[PDB]
file start.pdb (PDB, C-alpha atoms and all ligand atoms)
ATOM      1  CA  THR A  31     175.453  35.046  78.247
ATOM      2  CA  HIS A  32     178.047  35.383  75.476
ATOM      3  CA  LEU A  33     179.319  38.913  74.849
ATOM      4  CA  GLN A  34     182.147  40.142  72.613
ATOM      5  CA  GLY A  35     183.048  43.358  70.809
ATOM      6  CA  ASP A  36     181.947  46.981  70.572
ATOM      7  CA  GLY A  37     178.212  47.597  70.572
ATOM      8  CA  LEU A  38     175.179  48.036  72.815
ATOM      9  CA  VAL A  39     174.480  45.785  75.796
ATOM     10  CA  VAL A  40     171.128  46.322  77.490
ATOM     11  CA  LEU A  41     170.786  45.269  81.137
ATOM     12  CA  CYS A  42     167.513  43.995  82.578
ATOM     13  CA  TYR A  43     166.993  44.483  86.320
ATOM     14  CA  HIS A  44     163.818  43.951  88.364
ATOM     15  CA  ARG A  45     164.241  44.701  92.050
ATOM     16  CA  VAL A  46     166.834  46.423  94.158
ATOM     17  CA  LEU A  47     166.181  44.666  97.448
ATOM     18  CA  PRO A  48     168.129  42.902 100.214
ATOM     19  CA  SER A  49     166.223  39.605 100.656
ATOM     20  CA  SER A  65     164.106  38.887  97.578
ATOM     21  CA  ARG A  66     164.361  36.706  94.483
ATOM     22  CA  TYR A  67     165.259  38.451  91.207
ATOM     23  CA  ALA A  68     166.836  41.195  93.275
ATOM     24  CA  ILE A  69     170.223  42.862  93.527
ATOM     25  CA  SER A  70     171.331  44.781  96.611
ATOM     26  CA  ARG A  71     171.544  48.578  96.550
ATOM     27  CA  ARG A  72     175.265  48.325  97.308
ATOM     28  CA  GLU A  73     175.853  45.717  94.574
ATOM     29  CA  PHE A  74     173.769  47.676  92.056
ATOM     30  CA  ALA A  75     175.784  50.862  92.653
ATOM     31  CA  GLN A  76     179.046  48.906  92.490
ATOM     32  CA  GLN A  77     177.996  47.419  89.132
ATOM     33  CA  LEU A  78     177.224  50.839  87.694
ATOM     34  CA  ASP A  79     180.439  52.227  89.141
ATOM     35  CA  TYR A  80     182.511  49.373  87.714
ATOM     36  CA  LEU A  81     181.064  49.810  84.224
ATOM     37  CA  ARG A  82     181.781  53.539  84.290
ATOM     38  CA  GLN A  83     185.219  52.971  85.835
ATOM     39  CA  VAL A  84     186.335  50.697  82.969
ATOM     40  CA  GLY A  85     185.020  53.135  80.377
ATOM     41  CA  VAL A  86     181.500  51.990  79.467
ATOM     42  CA  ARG A  87     179.227  54.742  78.069
ATOM     43  CA  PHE A  88     175.679  54.824  79.471
ATOM     44  CA  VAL A  89     173.181  55.600  76.727
ATOM     45  CA  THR A  90     169.643  57.098  76.790
ATOM     46  CA  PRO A  91     166.706  55.136  75.388
ATOM     47  CA  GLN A  92     166.551  57.667  72.510
ATOM     48  CA  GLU A  93     170.280  57.218  71.875
ATOM     49  CA  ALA A  94     169.790  53.456  71.879
ATOM     50  CA  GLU A  95     167.003  53.691  69.311
ATOM     51  CA  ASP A  96     168.979  55.964  67.035
ATOM     52  CA  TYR A  97     172.045  53.743  67.491
ATOM     53  CA  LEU A  98     170.313  50.446  66.726
ATOM     54  CA  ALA A  99     168.505  52.081  63.829
ATOM     55  CA  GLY A 100     171.938  53.184  62.600
ATOM     56  CA  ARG A 101     170.317  56.600  62.211
ATOM     57  CA  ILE A 102     172.877  58.158  64.467
ATOM     58  CA  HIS A 103     176.262  56.581  64.226
ATOM     59  CA  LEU A 104     178.110  54.463  66.711
ATOM     60  CA  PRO A 105     180.976  53.913  68.160
ATOM     61  CA  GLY A 106     182.556  51.914  70.998
ATOM     62  CA  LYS A 107     181.068  50.143  74.026
ATOM     63  CA  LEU A 108     177.473  51.150  74.935
ATOM     64  CA  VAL A 109     175.069  50.183  77.749
ATOM     65  CA  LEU A 110     171.382  50.854  78.420
ATOM     66  CA  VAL A 111     169.980  50.274  81.909
ATOM     67  CA  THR A 112     166.434  48.874  82.014
ATOM     68  CA  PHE A 113     164.012  47.695  84.706
ATOM     69  CA  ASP A 114     160.970  45.409  84.284
ATOM     70  CA  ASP A 115     157.599  45.405  86.117
ATOM     71  CA  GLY A 116     157.209  48.520  88.270
ATOM     72  CA  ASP A 117     158.581  47.484  91.657
ATOM     73  CA  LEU A 118     158.632  50.172  94.365
ATOM     74  CA  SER A 119     162.322  49.449  94.932
ATOM     75  CA  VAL A 120     163.103  51.027  91.559
ATOM     76  CA  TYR A 121     161.890  54.310  93.093
ATOM     77  CA  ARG A 122     163.056  53.794  96.674
ATOM     78  CA  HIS A 123     166.479  52.266  96.025
ATOM     79  CA  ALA A 124     167.483  52.192  92.342
ATOM     80  CA  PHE A 125     166.505  55.775  91.466
ATOM     81  CA  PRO A 126     168.759  57.547  94.022
ATOM     82  CA  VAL A 127     171.743  55.499  92.811
ATOM     83  CA  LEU A 128     170.924  56.348  89.183
ATOM     84  CA  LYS A 129     170.202  60.003  89.903
ATOM     85  CA  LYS A 130     173.415  60.557  91.869
ATOM     86  CA  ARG A 131     175.269  59.178  88.831
ATOM     87  CA  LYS A 132     173.046  60.849  86.197
ATOM     88  CA  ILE A 133     172.467  57.465  84.547
ATOM     89  CA  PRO A 134     169.411  57.231  82.275
ATOM     90  CA  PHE A 135     167.205  54.147  82.365
ATOM     91  CA  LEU A 136     164.185  52.604  80.673
ATOM     92  CA  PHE A 137     161.417  51.499  83.064
ATOM     93  CA  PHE A 138     159.047  48.938  81.534
ATOM     94  CA  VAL A 139     155.897  49.006  83.652
ATOM     95  CA  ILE A 140     152.888  46.719  83.903
ATOM     96  CA  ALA A 141     150.603  49.694  83.472
ATOM     97  CA  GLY A 142     147.553  48.041  85.029
ATOM     98  CA  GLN A 143     149.451  47.031  88.186
ATOM     99  CA  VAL A 144     150.986  50.434  88.919
ATOM    100  CA  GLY A 145     149.924  51.765  92.316
ATOM    101  CA  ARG A 146     148.991  48.294  93.611
ATOM    102  CA  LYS A 147     150.612  45.326  95.338
ATOM    103  CA  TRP A 148     151.563  42.798  92.658
ATOM    104  CA  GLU A 149     152.639  39.227  93.373
ATOM    105  CA  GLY A 150     153.537  40.264  96.909
ATOM    106  CA  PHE A 151     155.437  43.460  96.124
ATOM    107  CA  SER A 152     154.426  47.107  96.288
ATOM    108  CA  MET A 153     154.597  48.780  92.898
ATOM    109  CA  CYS A 154     155.574  52.375  92.272
ATOM    110  CA  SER A 155     152.662  54.788  92.295
ATOM    111  CA  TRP A 156     151.986  57.035  89.307
ATOM    112  CA  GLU A 157     153.258  59.981  91.393
ATOM    113  CA  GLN A 158     156.516  58.139  91.917
ATOM    114  CA  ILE A 159     156.908  57.224  88.238
ATOM    115  CA  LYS A 160     156.105  60.828  87.283
ATOM    116  CA  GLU A 161     158.777  62.123  89.663
ATOM    117  CA  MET A 162     161.361  59.860  88.051
ATOM    118  CA  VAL A 163     160.309  60.915  84.550
ATOM    119  CA  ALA A 164     160.541  64.575  85.645
ATOM    120  CA  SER A 165     164.258  64.128  86.374
ATOM    121  CA  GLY A 166     164.757  63.575  82.657
ATOM    122  CA  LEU A 167     166.513  60.277  83.450
ATOM    123  CA  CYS A 168     163.587  57.868  83.325
ATOM    124  CA  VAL A 169     161.743  56.902  80.154
ATOM    125  CA  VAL A 170     158.752  54.612  80.693
ATOM    126  CA  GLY A 171     157.974  51.714  78.346
ATOM    127  CA  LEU A 172     155.134  49.183  78.357
ATOM    128  CA  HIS A 173     155.354  45.678  79.893
ATOM    129  CA  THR A 174     151.741  44.872  78.890
ATOM    130  CA  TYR A 175     148.786  46.472  80.678
ATOM    131  CA  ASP A 176     147.787  43.347  82.610
ATOM    132  CA  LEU A 177     148.990  40.241  80.785
ATOM    133  CA  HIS A 178     152.075  39.409  82.861
ATOM    134  CA  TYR A 179     150.882  35.897  83.585
ATOM    135  CA  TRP A 180     152.372  32.468  82.932
ATOM    136  CA  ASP A 181     150.451  29.352  81.899
ATOM    137  CA  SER A 182     152.193  26.368  83.493
ATOM    138  CA  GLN A 183     150.019  23.797  81.701
ATOM    139  CA  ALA A 184     151.021  25.079  78.261
ATOM    140  CA  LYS A 185     154.467  26.183  79.470
ATOM    141  CA  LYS A 186     154.178  29.663  77.941
ATOM    142  CA  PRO A 187     152.861  33.167  78.736
ATOM    143  CA  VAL A 188     149.091  33.705  78.573
ATOM    144  CA  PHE A 189     149.475  36.195  75.720
ATOM    145  CA  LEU A 190     151.117  33.550  73.509
ATOM    146  CA  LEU A 191     148.340  30.993  74.014
ATOM    147  CA  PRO A 192     146.361  30.070  70.878
ATOM    148  CA  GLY A 193     143.592  32.458  69.842
ATOM    149  CA  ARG A 194     144.957  35.194  72.091
ATOM    150  CA  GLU A 195     146.269  37.619  69.436
ATOM    151  CA  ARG A 196     143.147  39.769  69.811
ATOM    152  CA  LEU A 197     143.533  39.923  73.599
ATOM    153  CA  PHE A 198     147.174  40.909  73.169
ATOM    154  CA  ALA A 199     146.290  43.694  70.758
ATOM    155  CA  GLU A 200     143.591  45.094  73.046
ATOM    156  CA  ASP A 201     145.815  44.931  76.125
ATOM    157  CA  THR A 202     148.650  46.681  74.293
ATOM    158  CA  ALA A 203     146.346  49.463  73.096
ATOM    159  CA  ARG A 204     145.018  49.869  76.625
ATOM    160  CA  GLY A 205     148.562  49.997  77.956
ATOM    161  CA  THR A 206     149.639  52.707  75.525
ATOM    162  CA  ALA A 207     146.480  54.751  76.156
ATOM    163  CA  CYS A 208     147.013  54.499  79.900
ATOM    164  CA  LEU A 209     150.653  55.638  79.745
ATOM    165  CA  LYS A 210     149.614  58.494  77.472
ATOM    166  CA  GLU A 211     146.916  59.547  79.941
ATOM    167  CA  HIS A 212     149.314  59.578  82.888
ATOM    168  CA  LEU A 213     152.592  60.683  81.306
ATOM    169  CA  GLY A 214     151.352  62.646  78.273
ATOM    170  CA  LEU A 215     153.801  60.779  76.040
ATOM    171  CA  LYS A 216     153.515  58.328  73.162
ATOM    172  CA  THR A 217     155.065  55.000  74.170
ATOM    173  CA  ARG A 218     157.918  54.012  71.843
ATOM    174  CA  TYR A 219     159.247  50.984  73.724
ATOM    175  CA  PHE A 220     157.906  47.553  74.684
ATOM    176  CA  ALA A 221     159.337  44.633  76.691
ATOM    177  CA  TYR A 222     157.893  41.123  76.543
ATOM    178  CA  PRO A 223     157.108  39.548  79.894
ATOM    179  CA  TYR A 224     159.180  36.339  80.207
ATOM    180  CA  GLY A 225     161.348  37.672  77.405
ATOM    181  CA  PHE A 226     159.963  36.495  74.067
ATOM    182  CA  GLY A 227     157.314  37.000  71.422
ATOM    183  CA  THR A 228     156.123  35.645  68.082
ATOM    184  CA  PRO A 229     156.036  37.212  64.605
ATOM    185  CA  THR A 230     152.320  37.665  65.258
ATOM    186  CA  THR A 231     152.875  39.661  68.446
ATOM    187  CA  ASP A 232     155.837  41.502  66.852
ATOM    188  CA  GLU A 233     153.522  42.688  64.101
ATOM    189  CA  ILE A 234     150.848  43.846  66.518
ATOM    190  CA  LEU A 235     153.498  45.946  68.266
ATOM    191  CA  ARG A 236     154.734  47.337  64.946
ATOM    192  CA  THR A 237     151.269  48.374  63.796
ATOM    193  CA  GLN A 238     150.639  49.964  67.189
ATOM    194  CA  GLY A 239     153.654  52.185  66.639
ATOM    195  CA  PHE A 240     156.426  50.716  68.788
ATOM    196  CA  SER A 241     159.965  51.602  67.691
ATOM    197  CA  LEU A 242     161.786  49.027  69.826
ATOM    198  CA  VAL A 243     160.794  45.627  71.149
ATOM    199  CA  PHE A 244     162.959  44.246  73.959
ATOM    200  CA  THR A 245     163.677  40.577  74.638
ATOM    201  CA  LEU A 246     165.844  38.586  77.072
ATOM    202  CA  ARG A 247     168.119  37.293  74.309
ATOM    203  CA  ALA A 248     171.535  38.041  75.807
ATOM    204  CA  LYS A 249     173.604  39.575  73.001
ATOM    205  CA  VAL A 250     175.679  42.550  71.930
ATOM    206  CA  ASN A 251     173.283  44.717  69.935
ATOM    207  CA  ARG A 252     174.628  46.356  66.771
ATOM    208  CA  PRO A 253     173.393  49.069  64.374
ATOM    209  CA  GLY A 254     170.695  47.680  62.087
ATOM    210  CA  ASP A 255     169.179  45.422  64.735
ATOM    211  CA  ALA A 256     166.136  47.660  65.214
ATOM    212  CA  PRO A 257     163.402  47.139  66.143
ATOM    213  CA  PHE A 258     164.533  44.113  68.177
ATOM    214  CA  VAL A 259     166.752  44.500  71.246
ATOM    215  CA  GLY A 260     168.405  41.633  73.126
ATOM    216  CA  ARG A 261     168.800  42.190  76.866
ATOM    217  CA  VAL A 262     170.955  40.530  79.507
ATOM    218  CA  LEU A 263     168.986  39.557  82.603
ATOM    219  CA  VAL A 264     171.344  40.593  85.417
ATOM    220  CA  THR A 265     172.059  37.714  87.807
ATOM    221  CA  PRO A 266     175.039  36.682  89.929
ATOM    222  CA  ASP A 267     175.953  34.345  87.048
ATOM    223  CA  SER A 268     175.492  36.768  84.146
ATOM    224  CA  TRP A 269     177.251  39.759  85.705
ATOM    225  CA  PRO A 270     180.782  38.300  85.351
ATOM    226  CA  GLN A 271     180.128  38.025  81.601
ATOM    227  CA  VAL A 272     179.031  41.639  81.295
ATOM    228  CA  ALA A 273     181.943  42.790  83.465
ATOM    229  CA  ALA A 274     184.433  40.772  81.429
ATOM    230  CA  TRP A 275     182.945  42.152  78.218
ATOM    231  CA  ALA A 276     183.275  45.674  79.615
ATOM    232  CA  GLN A 277     186.867  45.240  80.829
ATOM    233  CA  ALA A 278     187.899  43.630  77.540
TER
HETATM  234 CL    CL B   1     160.759  48.834  98.206
HETATM  235 ZN    ZN B   2     158.376  41.299  83.925
END

call {"tool": "encode", "arguments": {"input": "start.pdb", "output": "structure tokens", "more": "lines below"}}
Ligand SMILES: [Cl-]
Ligand SMILES: [Zn+2]
result
Amino acid sequence: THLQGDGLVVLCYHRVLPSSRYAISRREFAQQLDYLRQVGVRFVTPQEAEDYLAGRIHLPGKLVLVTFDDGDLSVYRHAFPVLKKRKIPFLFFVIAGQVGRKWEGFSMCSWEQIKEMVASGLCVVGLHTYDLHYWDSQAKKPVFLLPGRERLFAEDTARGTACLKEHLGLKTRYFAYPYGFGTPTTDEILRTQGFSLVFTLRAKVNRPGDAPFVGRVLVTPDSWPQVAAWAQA
């Protein structure tokens, strides 16, 4: 996690929970947001981020976009009140086919709960596949990057966008790769299906002219000092 200079850093959170893996505590989460704001970081909307990275609106200074991956209930139960009380926008990348279910041991937000967050004007929902968030340990890569799977990826993506449109009544501009990475083949499928931004877990400071690709910092105990130092600097 190497971060220097003015530009857009995009944070990737998953769960806001007290005892789980890939989770940050409610208290710690709020303290992180507070610290960033305290030292002068500007929190940006997904639309602002797109116009910034596309250099279509113009700059300046130190920018941050908050994002969450998967659809965990804790985003509604614990993250959302923190965000709402601070009026901080965020992008929620959901596994559209796992919404309203238990997924890998965790309750997911329901559609009612996602809708309520969208209604606040703070939450924009993106797609995190429909139901292709699976890892192949034999091949050491995600199922959607396995050979001969480009068709399956295209169909899943189209299903995901259709599903979000049906529930939220909105075209889906934003996509996040499960496990953080794609190929030129999958990038192109996303482009032709109308996505304006494609988010990865490449930890970098994003600058105007980087669109459509956005590097995100996965927030961990080890990566936070780097973001905080970058912010304070
Ligand atoms: Cl929860
Ligand atoms: Zn994920």

call {"tool": "residues_near_ligand", "arguments": {"input": "start.pdb", "ligand": "ligand CL 1 (chain B)", "cutoff": "8 Å", "atoms": "all atoms listed in the file", "output": "list in words"}}
result
residues 46, 47, 117, 118, 119, 120, 121, 122, 123, 151 and 152 of chain A

call {"tool": "closest_residue", "arguments": {"input": "start.pdb", "among": "A:103, A:173, A:32, A:131", "to": "residue 116 (chain A)", "atoms": "all atoms listed in the file"}}
result
A:173

call {"tool": "residues_around", "arguments": {"input": "start.pdb", "residues": "residue 251 (chain A)", "least_positions_apart": "2", "cutoff": "10 Å", "atoms": "all atoms listed in the file", "output": "PDB file with C-alpha atoms, in the frame of the given file"}}
result
ATOM      1  CA  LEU A  33     179.319  38.913  74.849  1.00  0.00           C
ATOM      2  CA  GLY A  35     183.048  43.358  70.809  1.00  0.00           C
ATOM      3  CA  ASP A  36     181.947  46.981  70.572  1.00  0.00           C
ATOM      4  CA  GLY A  37     178.212  47.597  70.572  1.00  0.00           C
ATOM      5  CA  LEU A  38     175.179  48.036  72.815  1.00  0.00           C
ATOM      6  CA  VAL A  39     174.480  45.785  75.796  1.00  0.00           C
ATOM      7  CA  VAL A  40     171.128  46.322  77.490  1.00  0.00           C
ATOM      8  CA  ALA A  94     169.790  53.456  71.879  1.00  0.00           C
ATOM      9  CA  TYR A  97     172.045  53.743  67.491  1.00  0.00           C
ATOM     10  CA  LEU A  98     170.313  50.446  66.726  1.00  0.00           C
ATOM     11  CA  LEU A 108     177.473  51.150  74.935  1.00  0.00           C
ATOM     12  CA  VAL A 109     175.069  50.183  77.749  1.00  0.00           C
ATOM     13  CA  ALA A 248     171.535  38.041  75.807  1.00  0.00           C
ATOM     14  CA  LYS A 249     173.604  39.575  73.001  1.00  0.00           C
ATOM     15  CA  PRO A 253     173.393  49.069  64.374  1.00  0.00           C
ATOM     16  CA  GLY A 254     170.695  47.680  62.087  1.00  0.00           C
ATOM     17  CA  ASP A 255     169.179  45.422  64.735  1.00  0.00           C
ATOM     18  CA  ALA A 256     166.136  47.660  65.214  1.00  0.00           C
ATOM     19  CA  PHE A 258     164.533  44.113  68.177  1.00  0.00           C
ATOM     20  CA  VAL A 259     166.752  44.500  71.246  1.00  0.00           C
ATOM     21  CA  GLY A 260     168.405  41.633  73.126  1.00  0.00           C
ATOM     22  CA  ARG A 261     168.800  42.190  76.866  1.00  0.00           C
TER      23      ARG A 261
END

call {"tool": "residues_around", "arguments": {"input": "start.pdb", "residues": "residue 204 (chain A)", "least_positions_apart": "6", "cutoff": "9 Å", "atoms": "all atoms listed in the file", "output": "ChimeraX atom specification"}}
result
/A:141-142,174-175

call {"tool": "write_last_selection", "arguments": {"input": "start.pdb", "atoms": "C-alpha atoms", "output": "PDB file, keeping the file's coordinate frame"}}
result
ATOM      1  CA  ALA A 141     150.603  49.694  83.472  1.00  0.00           C
ATOM      2  CA  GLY A 142     147.553  48.041  85.029  1.00  0.00           C
ATOM      3  CA  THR A 174     151.741  44.872  78.890  1.00  0.00           C
ATOM      4  CA  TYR A 175     148.786  46.472  80.678  1.00  0.00           C
TER       5      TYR A 175
END

call {"tool": "atom_distance", "arguments": {"input": "start.pdb", "atom1": "CA of residue 95 (chain A)", "atom2": "CA of residue 34 (chain A)"}}
result
20.6 Å

call {"tool": "residues_near_ligand", "arguments": {"input": "start.pdb", "ligand": "ligand ZN 2 (chain B)", "cutoff": "10 Å", "atoms": "only C-alpha atoms and all ligand atoms", "output": "PyMOL selection string"}}
result
chain A and resi 42-44+113-117+138-140+173-174+177-179+221-225

call {"tool": "residues_around", "arguments": {"input": "start.pdb", "residues": "residue 276 (chain A)", "least_positions_apart": "5", "cutoff": "7 Å", "atoms": "only C-alpha atoms", "output": "tab-separated table (two decimals) with C-alpha atoms, in the coordinates of the input"}}
result
chain	number	residue	atom	x	y	z
A	81	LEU	CA	181.06	49.81	84.22
A	84	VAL	CA	186.34	50.70	82.97
A	86	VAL	CA	181.50	51.99	79.47

call {"tool": "closest_residue", "arguments": {"input": "start.pdb", "among": "A:144, A:263, A:75, A:102", "to": "residue 125 (chain A)", "atoms": "only C-alpha atoms"}}
result
A:75

call {"tool": "residues_around", "arguments": {"input": "start.pdb", "residues": "region 229-240 of chain A", "least_positions_apart": "3", "cutoff": "12 Å", "atoms": "all atoms listed in the file", "output": "MDAnalysis selection string"}}
result
chainID A and resid 95 171:174 189:207 216:222 226 243:245 256:258

call {"tool": "resolve_selection", "arguments": {"input": "start.pdb", "expression": "the PyMOL selection byres (((chain A and resi 89) around 7) and not hetatm)", "output": "short mmCIF file (atom, residue, chain, number, x, y, z; two decimals) with C-alpha atoms, in the coordinates of the input"}}
result
data_model
loop_
_atom_site.label_atom_id
_atom_site.label_comp_id
_atom_site.auth_asym_id
_atom_site.auth_seq_id
_atom_site.Cartn_x
_atom_site.Cartn_y
_atom_site.Cartn_z
CA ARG A 87 179.23 54.74 78.07
CA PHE A 88 175.68 54.82 79.47
CA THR A 90 169.64 57.10 76.79
CA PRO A 91 166.71 55.14 75.39
CA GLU A 93 170.28 57.22 71.88
CA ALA A 94 169.79 53.46 71.88
CA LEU A 108 177.47 51.15 74.94
CA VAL A 109 175.07 50.18 77.75
CA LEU A 110 171.38 50.85 78.42
CA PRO A 134 169.41 57.23 82.28
#

call {"tool": "closest_residue", "arguments": {"input": "start.pdb", "among": "A:150, A:105, A:126, A:214", "to": "residue 252 (chain A)", "atoms": "only C-alpha atoms"}}
result
A:105

call {"tool": "residues_around", "arguments": {"input": "start.pdb", "residues": "residue 31 (chain A)", "least_positions_apart": "5", "cutoff": "10 Å", "atoms": "only C-alpha atoms", "output": "PDB file with C-alpha atoms, in the frame of the given file"}}
result
ATOM      1  CA  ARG A 247     168.119  37.293  74.309  1.00  0.00           C
ATOM      2  CA  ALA A 248     171.535  38.041  75.807  1.00  0.00           C
ATOM      3  CA  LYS A 249     173.604  39.575  73.001  1.00  0.00           C
ATOM      4  CA  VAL A 250     175.679  42.550  71.930  1.00  0.00           C
ATOM      5  CA  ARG A 261     168.800  42.190  76.866  1.00  0.00           C
ATOM      6  CA  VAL A 262     170.955  40.530  79.507  1.00  0.00           C
ATOM      7  CA  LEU A 263     168.986  39.557  82.603  1.00  0.00           C
ATOM      8  CA  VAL A 264     171.344  40.593  85.417  1.00  0.00           C
ATOM      9  CA  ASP A 267     175.953  34.345  87.048  1.00  0.00           C
ATOM     10  CA  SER A 268     175.492  36.768  84.146  1.00  0.00           C
ATOM     11  CA  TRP A 269     177.251  39.759  85.705  1.00  0.00           C
ATOM     12  CA  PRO A 270     180.782  38.300  85.351  1.00  0.00           C
ATOM     13  CA  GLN A 271     180.128  38.025  81.601  1.00  0.00           C
ATOM     14  CA  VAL A 272     179.031  41.639  81.295  1.00  0.00           C
TER      15      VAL A 272
END

call {"tool": "atom_distance", "arguments": {"input": "start.pdb", "atom1": "CA of residue 136 (chain A)", "atom2": "CA of residue 104 (chain A)"}}
result
19.8 Å

call {"tool": "closest_residue", "arguments": {"input": "start.pdb", "among": "A:153, A:169, A:70, A:242", "to": "residue 215 (chain A)", "atoms": "only C-alpha atoms"}}
result
A:169

call {"tool": "atom_distance", "arguments": {"input": "start.pdb", "atom1": "CA of residue 77 (chain A)", "atom2": "CA of residue 124 (chain A)"}}
result
12.0 Å

call {"tool": "axis_aligned_box", "arguments": {"input": "start.pdb", "around": "region 96-99 of chain A", "padding_each_side": "8 Å", "output": "lines of an AutoDock Vina configuration file"}}
result
center_x = 170.3
center_y = 53.2
center_z = 65.7
size_x = 19.5
size_y = 21.5
size_z = 19.7
